[PDB]
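**Q** First the structure, then my questions, so here it is.
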Protein chains: 4
Amino acid sequence: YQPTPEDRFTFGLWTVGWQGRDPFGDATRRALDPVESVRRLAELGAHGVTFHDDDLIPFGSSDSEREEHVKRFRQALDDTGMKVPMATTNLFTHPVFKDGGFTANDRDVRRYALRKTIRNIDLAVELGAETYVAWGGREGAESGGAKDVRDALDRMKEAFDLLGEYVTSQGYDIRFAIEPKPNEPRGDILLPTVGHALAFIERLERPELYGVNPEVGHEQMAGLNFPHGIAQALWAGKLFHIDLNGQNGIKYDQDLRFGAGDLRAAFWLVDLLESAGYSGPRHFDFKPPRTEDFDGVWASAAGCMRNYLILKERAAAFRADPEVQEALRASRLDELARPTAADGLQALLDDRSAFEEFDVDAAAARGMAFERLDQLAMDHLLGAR
Amino acid sequence: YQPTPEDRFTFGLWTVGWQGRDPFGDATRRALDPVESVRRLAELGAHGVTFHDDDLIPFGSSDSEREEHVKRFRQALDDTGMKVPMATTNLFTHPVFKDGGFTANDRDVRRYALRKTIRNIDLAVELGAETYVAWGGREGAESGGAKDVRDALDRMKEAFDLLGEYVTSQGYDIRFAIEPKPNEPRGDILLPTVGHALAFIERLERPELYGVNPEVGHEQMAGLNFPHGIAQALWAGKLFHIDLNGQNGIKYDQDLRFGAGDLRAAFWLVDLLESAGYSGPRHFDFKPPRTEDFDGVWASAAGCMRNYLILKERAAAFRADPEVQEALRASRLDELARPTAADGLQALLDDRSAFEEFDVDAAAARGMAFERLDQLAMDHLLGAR
Amino acid sequence: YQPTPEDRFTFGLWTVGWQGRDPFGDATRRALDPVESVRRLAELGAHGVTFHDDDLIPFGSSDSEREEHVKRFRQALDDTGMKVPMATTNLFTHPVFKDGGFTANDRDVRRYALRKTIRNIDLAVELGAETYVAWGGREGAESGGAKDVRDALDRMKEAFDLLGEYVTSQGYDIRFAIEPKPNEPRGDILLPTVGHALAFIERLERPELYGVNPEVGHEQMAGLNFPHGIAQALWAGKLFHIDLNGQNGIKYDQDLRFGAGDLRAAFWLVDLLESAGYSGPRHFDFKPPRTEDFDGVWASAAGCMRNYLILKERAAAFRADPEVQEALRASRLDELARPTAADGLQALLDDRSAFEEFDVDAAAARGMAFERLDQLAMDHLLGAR
Amino acid sequence: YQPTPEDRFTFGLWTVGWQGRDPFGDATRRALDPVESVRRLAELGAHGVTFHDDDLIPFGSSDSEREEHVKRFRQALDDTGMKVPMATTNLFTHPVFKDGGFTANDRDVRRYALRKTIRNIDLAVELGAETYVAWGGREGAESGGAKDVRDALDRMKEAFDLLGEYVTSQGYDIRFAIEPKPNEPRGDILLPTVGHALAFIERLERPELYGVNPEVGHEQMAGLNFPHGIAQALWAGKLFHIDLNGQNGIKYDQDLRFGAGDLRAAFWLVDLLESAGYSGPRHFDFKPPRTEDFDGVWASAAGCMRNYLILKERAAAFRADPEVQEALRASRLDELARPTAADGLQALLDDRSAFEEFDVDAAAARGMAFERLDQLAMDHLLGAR
């Protein structure tokens, strides 16, 4: 189950680079030079890497220090053949963003947030990124009176419209993806789920430039079904990027390697992405646990890819199995894909078999056969067919 | 804190009428005649009542039995001055709906679901209802292979488009409101949150005819902030109706009386609805606990209204307090309501005070004063000012 | 992966017999005769069945009807070789138990609860049961003032002491197991977790007669790690029985078949039970989803056993793998099993290598190698070694 | 609602001293000198302060630096009249504790953990502390194979027994309190709830020296009822200390000021503590949100005390109200406090009114009147009587 760059696996600099600082503890690992992570990831079979501005260029860097950090990074990409398909802005770490970036109560902070983002969009484009992600991790509140949410959504819309105006005025081929999260580090975060982010996009001036970048662990922190949220995103044509990791239920954001956490959810996610033909990066936004040394870091990253490729094999075996195809008909998945009333409203109204002469008890007695189908899916996942 | 019909408080027949059957227990109360609930509610100060088809007319009723149930009900409304502002369909109780109504795998069931709904829209209109609610409580799955969610959302869209075609062809003045719930009775329910429902509406043929009917306990079962979800719904112009009750966290749907559960969330919800000038019904979808006899039923219903009116007083006192108005400026709520960049993109790009000469440390050091503001809100809620 | 009666798999009458009534829906299946479930389970390879009094003998049965229900049941057990290793009382379904059985506020109800339980202990003993389970599903509250919890725990202790007095006075070889659940059907249930139940047992007059009967889905409804709770129960010598099913996170009690829900938790549970040599019944307290007809019922039951036997194979393969044994040493699982200070307190106090000359940075730098170990566990679970 | 030192309000150095570093963000406030927090707290009306070793004496301090930090601190206590009723060890921050302190897999780390704790027990005693708290925040695991929980509980028991041996050999008047938490910073933490900690104490060599120190937000992170857990702790005679804060449901540990989060739970907690006559410190383990400057820090701390005193008034008014005393009898709270069968087992067995002639339907029909009682409690909390 060896990955190759064709599998389109990508990683954040901040993932394998996480030093292990948590709310209750100091760093357990030294900082990684981005050039070293690029080389180590390429050896593992990754396709590319992603970055926040502040991961690549230390906050406060002079223009000259900046050019030198970019130059070194670009040499590592050239040396390894690694791509940079996605970039993003850090609008959460510096104290200035303690009440948000785009929806900070302080107007000067909001204007600053926008300028910091625009600087990084120019960098992302230069590096070849196709998607620019926005995670508004500080947009939200711990208390009810601190944030009027209608006014905040006005400010959020204003920020994203200005960014769309900038990209279109520059003629850039880059699209935006909004990354929802329900809470942490704010007590509640605005646009908390895939659904909220999708609904919000429909009110922007140029909705076609924006999609979503959902994350496994994020939707699971609201106890939601991640494959169901991804199916809605695909149905809307808005899955621009996806972030893969593991999460054990509703608690703090664990960022476990992909495959860990809810293993059956990972299976159904892989089945969906592969059968819908999603062609974007498979990006891992995870943290090697702070229990690990560098060897455990690389083992953790390698495990992300391995688990995706194992699940891909099992899902493909499941859908290809004639016994499963027969079970899917037994469960009327074929009838779910047929229109309810392609004959139209009037014909439906006139159809006595739809109501007056519909035998509800006979219909009610038909079993759905879902448990046999689900055990076939279990047997395939476990290699017990 | 006495309600009057002007306060627009409404109740489901199925609320005070709940017999107390739960997953582990038999009914503890006899059935209520709908006419008796209408009279008892009117004495309490309610404005009106709502119904599922099957609450008013027993499933399977002949055409003549039907006319007689409607006649009696209409006489009680005339006798009391009670309105019927909202109605809905039961697409969840009968075994035929065990895999859904609009998104059942069986096509015949879906066609049946539509015809059952249309019959009840004609009734609702006759009774004067302005909103028709749809809660797809059986639309969903316990296992991954049982429901292809893209095909299900196609079927859901098809159902709602047909309903919009029917209403517009009949010239009815009625709008639809989708009621999201994340789980229960299905393991996961499609359109699980306010956000998912809003995003879905934007893909229907006539989005202007559809809004949301969120419920307190429903969003709280996903651990989400209910006032934040309602602010997004209002921002989108889609809050057509609202359902009020109480819920203690992420667990089964408790349907406690309004004010019970998360009391501070109830406060912030009332503050929002009143300050945004929401003019729709305040509907209570709750269950008097099965511990209660009929006297406890009416005490429970009366408590719903009482708690709304107490919270309304406290929220109004909060916003009117000059010391709070001063705290809100101290916290820059006024600056949140001002555009970030009404000067436009180019002026922002050229503004050195937004980046090159922005003093990030001085901005970072400004406290937000949110804790003093939140303690003023606590003191007002508790009458301790 | 074929079960045989030696695997000690057991099922509740009420499991395969569940008619599909939920809070929002009518039954989808006809009632099963207990004799038919005994025969169908035996054909599937089960070892035995369990029952509440009211599953076997309809509530209110005359003494003669009772003897006849027991006679028929006993003939089915004789015909099939099925055992009855556990029994329990229904103290939750009848309206009289709406505020509890042992901790009802009404003293007459509590006395009734005790007499109903004692009648069934005599039956259980006659049928050969070794464990008598108590699930206090109605012991709890929806509101704070309704139940003084200290007085309720006094009543709970009094009930269990009286039961221990009865069993010992009769010379019965039966032990009790308390089954904790955090909520549902009450808003909060007393003794909500394995830990609470264990702590409570230590205050009974004869603690040696009582243990716990934990359930997968129950602990997971509090977001707790089920294998960790079972390890504490085993550590205390109190795992008298166990109930196996599946649950997807914190929500209503789903009662999915075993292996469904959190699959990796099921793996770690099986690893623990098998390696600790638990010798009690593997009992399934699950519900075939109401989507299913009778064929789906039996497929669901068969899947419970199949998934246990697959997980047993994978866990045994994991622990037997020399590469895993080597990983476990790399992670110092061997050092965790050695006493910290068998040399004693004074020697520890005098040992300069434990503090004065302890090199904390060198210790801090050692990686734990947990991620390689966990990927070996994933590869074994998935058959990808 | 002005606190005075008689109200026994205490605060951790690390509470008002929290610099605002979170998983996603840098500090927003400068460090506080402990002497300054002592003075500022005393002006606010606090009774005392608590500390981890590392809050008072920077990790790695030489013996001389140590004596000087203690001297300064002791002068501030003398200058202000502040007490130190509780102390604790930091076994979570330094990287050496990344896999735990008492249950680290590495034996050398465990021995180190013990020696670090013992050094601080001598300090606590010198400073006059009556309770020594242990929060094993790093005792736990992110993956199943990393920690054998039976062996870990052996190591945990061994650590606590050695500490009890030390205290008794020194003749110290200090008792221990175990502080449970379900998760964070480990994926699952050992002894995750009040119940688990209570059950564990019963297996130590000298159980009388150990109790619990539960925290509001901790139990609520498992969705449990905090007042119910405290009632069980009181019932067992094990509530040695308590930590007060606020938490909005199941998510990361928010540490909001007391009264924030679940306000009705705070009310019922205060009612219990006051009516049970708990005489220990009311300690606040909270964090002023990182949005705040120093003025917001002190406002936040003051709000903790204010909210306790408001809730105390309302709970006392509730219990004193003749209309509530009458409601409590209507709901048979008086009958809950009477023994079920003080007449004994045989008399119960012979009592035909307990079964043979018990009218279950008449008993079933009695309403419990809980909703009227709960609305009286709401009216009292809100000052709307």
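Any read-out appearing in this document is the output of simple, stated calculations on the displayed coordinates, not a laboratory observation. Here the Cβ positions follow ideal geometry from the backbone for every residue, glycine too, while neighbour counts run over all protein chains shown.
**Q** Which condition does B:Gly100 not pass, out of (1) surrounded by fewer than 22 Cβ atoms within 10 Å (Cβ to Cβ); (2) at the interface with another protein chain (Cβ under 10 Å from one of its Cβ atoms); (3) on the phi > 0 side of the Ramachandran plot, if it passes all the others?
**A** All conditions pass for B:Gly100, except number (1).
**Q** Between a residue in region D:342-359 that is assigned to a helix (DSSP H, G or I) and any residue that is surrounded by fewer than 12 Cβ atoms within 10 Å (Cβ to Cβ) and not polar (S, T, N, Q), which pairs come within a Cβ distance under 7 Å, given they are 6 or more apart or on different chains?
**A** Within 7 Å, no pair qualifies.
**Q** State all residues of region A:223-237 that are under 15 Å from the mean Cα position of the chain (by Cα), surrounded by 23 or more Cβ atoms within 10 Å (Cβ to Cβ) and either among the polar types (S, T, N, Q) or assigned to a loop (DSSP other than H, G, I, E, B) (or both); if no residue qualifies, say none.
**A** A:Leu224, A:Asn225, A:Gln232
**Q** I'm checking my understanding of the structure. Among residues of region C:173-222 that are of a type in the set (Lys, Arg) and farther than 22 Å from C:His283 by Cα, which one is surrounded by the most Cβ atoms within 10 Å (Cβ to Cβ)?
**A** For region C:173-222, the residue satisfying everything is C:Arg186.
**Q** Among the residues of region A:320-332, is there at least one that is under 20 Å from B:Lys98 (Cβ atoms) and surrounded by fewer than 16 Cβ atoms within 10 Å (Cβ to Cβ)? Show your work before the answer.
**A** So in region A:320-332, the residues under 20 Å from B:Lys98 (Cβ atoms) come out as A:327-332.
Subset that is surrounded by fewer than 16 Cβ atoms within 10 Å (Cβ to Cβ): A:329-330.
Checked against the condition, which is being under 20 Å from B:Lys98 (Cβ atoms) and surrounded by fewer than 16 Cβ atoms within 10 Å (Cβ to Cβ), region A:320-332 yields at least one hit.
**Q** Go through (1) charged (D, E, K, R); (2) farther than 13 Å from B:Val109 by Cα; (3) surrounded by fewer than 19 Cβ atoms within 10 Å (Cβ to Cβ); (4) at the interface with another protein chain (Cβ under 7 Å from one of its Cβ atoms) and name the single condition A:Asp374 misses.
**A** (3)
**Q** Go through region A:3-26 residue by residue and tally those that are in contact with a strand residue (DSSP E or B) (Cβ under 8 Å, 6 or more places away or on another chain) and in a loop (DSSP other than H, G, I, E, B).
**A** Of the residues in region A:3-26, 3 are in contact with a strand residue (DSSP E or B) (Cβ under 8 Å, 6 or more places away or on another chain) and in a loop (DSSP other than H, G, I, E, B).
**Q** Please work out if A:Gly296 is closer than 27 Å to C:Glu371 by Cβ and touching a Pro at 6+ places or on another chain (Cβ under 8 Å). Spell out how you get there, then give the answer.
**A** Values: closer than 27 Å to C:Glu371 by Cβ: yes; touching a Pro at 6+ places or on another chain (Cβ under 8 Å): yes.
So A:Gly296 fits the description; yes.
**Q** Here's something else I'd like to know. Which of the residues spanning region C:266-300 are over 14 Å from C:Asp243 (Cα atoms), within 19 Å of the chain's Cα centre (by Cα) and of a type outside the set (S, T, N, Q)?
**A** Across region C:266-300, the qualifying residues are C:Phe267, C:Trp268, C:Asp271, C:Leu272, C:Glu274, C:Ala276, C:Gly277, C:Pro288.
**Q** Also, quick follow-up: Could you go through region D:60-71 and let me know if any residue there is small (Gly, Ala, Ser) and either in contact (Cβ under 8 Å) with a residue 60 or more places away in the chain or surrounded by 14 or more Cβ atoms within 10 Å (Cβ to Cβ) (or both). Full working, then the answer.
**A** Taking region D:60-71 and keeping what is small (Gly, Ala, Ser), we get D:60-62, D:64.
From what's left, either in contact (Cβ under 8 Å) with a residue 60 or more places away in the chain or surrounded by 14 or more Cβ atoms within 10 Å (Cβ to Cβ) (or both): D:61.
Checked against the condition, which is being small (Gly, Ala, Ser) and either in contact (Cβ under 8 Å) with a residue 60 or more places away in the chain or surrounded by 14 or more Cβ atoms within 10 Å (Cβ to Cβ) (or both), region D:60-71 yields at least one hit.
**Q** Also: Take the residues of region A:104-115 that are assigned to a helix (DSSP H, G or I) and at the interface with chain B (Cβ under 7 Å from one of its Cβ atoms): which is nearest to the chain's Cα centre (by Cα)?
**A** So the first thing to find is which residues in region A:104-115 are assigned to a helix (DSSP H, G or I), and the list is A:107-115.
Cutting the leftovers down to at the interface with chain B (Cβ under 7 Å from one of its Cβ atoms) gives us A:107-112, A:114-115.
On the way: A:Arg107: 29, A:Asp108: 30, A:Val109: 27, A:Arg110: 25, A:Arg111: 27, A:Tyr112: 26, A:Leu114: 22, A:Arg115: 25 Å.
Per the criteria, the residue is A:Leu114.
**Q** Quick check on D:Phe240: is it more than 11 Å from every other protein chain (Cβ to nearest Cβ), of a type outside the set (A, V, I, L, M) and touching a strand residue (DSSP E or B) at 6+ places or on another chain (Cβ under 7 Å)? Can you show your working first?
**A** Numbers: more than 11 Å from every other protein chain (Cβ to nearest Cβ): yes; of a type outside the set (A, V, I, L, M): yes; touching a strand residue (DSSP E or B) at 6+ places or on another chain (Cβ under 7 Å): yes.
Answer is yes for this residue.
**Q** Separate question: Scan region C:15-29 and report the pairs whose first residue is free of Cβ contacts under 8 Å to residues at least 24 places away in the same chain and whose second residue is surrounded by 18 or more Cβ atoms within 10 Å (Cβ to Cβ) and of a type in the set (A, V, I, L, M, F, W, C), with Cβ atoms within less than 7 Å and a gap of 6+ or a chain change.
**A** Matching pairs, first to second residue: C:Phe24/B:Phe92.
**Q** Let me ask something additional. Across region B:1-58, which residue is nearest to the other protein chains (Cβ to nearest Cβ) among those that are touching a helix residue (DSSP H, G or I) at 6+ places or on another chain (Cβ under 9 Å), more than 22 Å from B:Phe258 (Cα to Cα) and of a type in the set (A, V, I, L, M, F, W, C)?
**A** Among those that are touching a helix residue (DSSP H, G or I) at 6+ places or on another chain (Cβ under 9 Å), more than 22 Å from B:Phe258 (Cα to Cα) and of a type in the set (A, V, I, L, M, F, W, C), it is B:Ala27.
**Q** What pairs come out if I take residues in region A:184-205 that are more than 7 Å from chain B (Cβ to nearest Cβ) and pair them with residues that are assigned to a loop (DSSP other than H, G, I, E, B) and among the hydroxyl-bearing types (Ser, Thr, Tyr) whose C-beta lies under 6 Å away, six or more apart or interchain?
**A** A:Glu184/D:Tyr252
**Q** In addition: Output the residues belonging to region B:337-371 that are within 22 Å of A:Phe59 (Cα to Cα), among the acidic types (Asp, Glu) and exposed (fewer than 14 other Cβ atoms within 10 Å of the Cβ).
**A** Once the filter is applied, which keeps residues that are within 22 Å of A:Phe59 (Cα to Cα), among the acidic types (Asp, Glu) and exposed (fewer than 14 other Cβ atoms within 10 Å of the Cβ), region B:337-371 yields B:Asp350, B:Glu356, B:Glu357, B:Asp359, B:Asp361.
**Q** Let me ask something additional. Can you run down the residue pairs with Cβ atoms below 7 Å, 6 or more apart or on separate chains, where the first is in region B:222-244 and under 25 Å from A:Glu142 (Cβ atoms) and the partner is among the acidic types (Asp, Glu)?
**A** Matching pairs, first to second residue: B:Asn225/A:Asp188; B:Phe226/B:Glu219; B:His228/A:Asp188; B:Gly229/B:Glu219.
**Q** When the residues of region B:72-93 are narrowed to those that are free of Cβ contacts under 8 Å to residues at least 40 places away in the same chain and within 14 Å of chain A (Cβ to nearest Cβ), which ends up farthest from B:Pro185 (Cα to Cα)?
**A** Looking at residues that are free of Cβ contacts under 8 Å to residues at least 40 places away in the same chain and within 14 Å of chain A (Cβ to nearest Cβ), I get B:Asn90.
**Q** Within the set of pairs 6 or more residues apart or between chains, which connect a residue that is away from every other protein chain (no Cβ under 11 Å) inside region A:161-177 to a residue that is small (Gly, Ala, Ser) and in a helix (DSSP H, G or I) with Cβ atoms less than 7 Å apart?
**A** What qualifies is A:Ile174/A:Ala124.
**Q** Hey, C:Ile121 hits all of (1) in a helix (DSSP H, G or I); (2) over 28 Å from C:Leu77 (Cβ atoms) but one; which does it fall short on?
**A** (2)
**Q** Being free of Cβ contacts under 8 Å to residues at least 40 places away in the same chain and not in a loop (DSSP other than H, G, I, E, B) is the filter here; which residues of region B:30-51 pass it?
**A** If the condition is that a residue be free of Cβ contacts under 8 Å to residues at least 40 places away in the same chain and not in a loop (DSSP other than H, G, I, E, B), then B:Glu36, B:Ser37, B:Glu43, B:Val49, B:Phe51 are the ones that fit.
**Q** When you scan region C:167-200, how many residues do you find that are within 23 Å of C:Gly237 (Cα to Cα) and in a helix (DSSP H, G or I)?
**A** As a first pass, look at region C:167-200 and keep what is within 23 Å of C:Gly237 (Cα to Cα): C:167-168, C:171-182, C:190-200.
Checking the rest, the ones that are also in a helix (DSSP H, G or I) come to C:167-168, C:194-200.
Selection size over region C:167-200: 9.
**Q** Go through (1) at positive phi; (2) within 12 Å of chain D (Cβ to nearest Cβ); (3) free of Cβ contacts under 8 Å to residues at least 40 places away in the same chain one by one and return the number of the condition C:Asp154 breaks.
**A** That leaves (1) as the condition not met.
**Q** Still on this structure, please answer the following. Does region D:248-257 include one or more residues that are in a helix (DSSP H, G or I) and out of contact with any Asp or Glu (no Cβ under 8 Å at 6 or more places or on another chain)?
**A** We begin by selecting, within region D:248-257, every residue in a helix (DSSP H, G or I); these are none.
There is no residue in region D:248-257 that is in a helix (DSSP H, G or I) and out of contact with any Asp or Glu (no Cβ under 8 Å at 6 or more places or on another chain).
**Q** Further question on the same structure: Filter region A:129-147 down to the residues that are assigned to a loop (DSSP other than H, G, I, E, B) and more than 8 Å from chain B (Cβ to nearest Cβ), then identify the one that is surrounded by the most Cβ atoms within 10 Å (Cβ to Cβ). Lay out the reasoning, then the answer.
**A** We begin by selecting, within region A:129-147, every residue assigned to a loop (DSSP other than H, G, I, E, B); these are A:129-130, A:135-139, A:142-143, A:147.
Add one more test, that the residue is more than 8 Å from chain B (Cβ to nearest Cβ), and what stays is A:129-130, A:135-139.
Values: A:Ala129: 24, A:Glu130: 18, A:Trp135: 25, A:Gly136: 26, A:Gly137: 22, A:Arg138: 26, A:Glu139: 29.
Per the criteria, the residue is A:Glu139.
**Q** May I pose another question? Kindly indicate whether A:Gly48 is farther than 30 Å from D:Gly20 by Cα and surrounded by fewer than 16 Cβ atoms within 10 Å (Cβ to Cβ).
**A** Working: farther than 30 Å from D:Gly20 by Cα: yes; surrounded by fewer than 16 Cβ atoms within 10 Å (Cβ to Cβ): no.
Considered against the rule, which asks whether it is farther than 30 Å from D:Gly20 by Cα and surrounded by fewer than 16 Cβ atoms within 10 Å (Cβ to Cβ), A:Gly48 comes out as no.
**Q** For region D:206-219, which residues satisfy the criterion of being within 11 Å of chain C (Cβ to nearest Cβ), assigned to a helix (DSSP H, G or I) and within 20 Å of C:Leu224 (Cα to Cα)?
**A** D:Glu219
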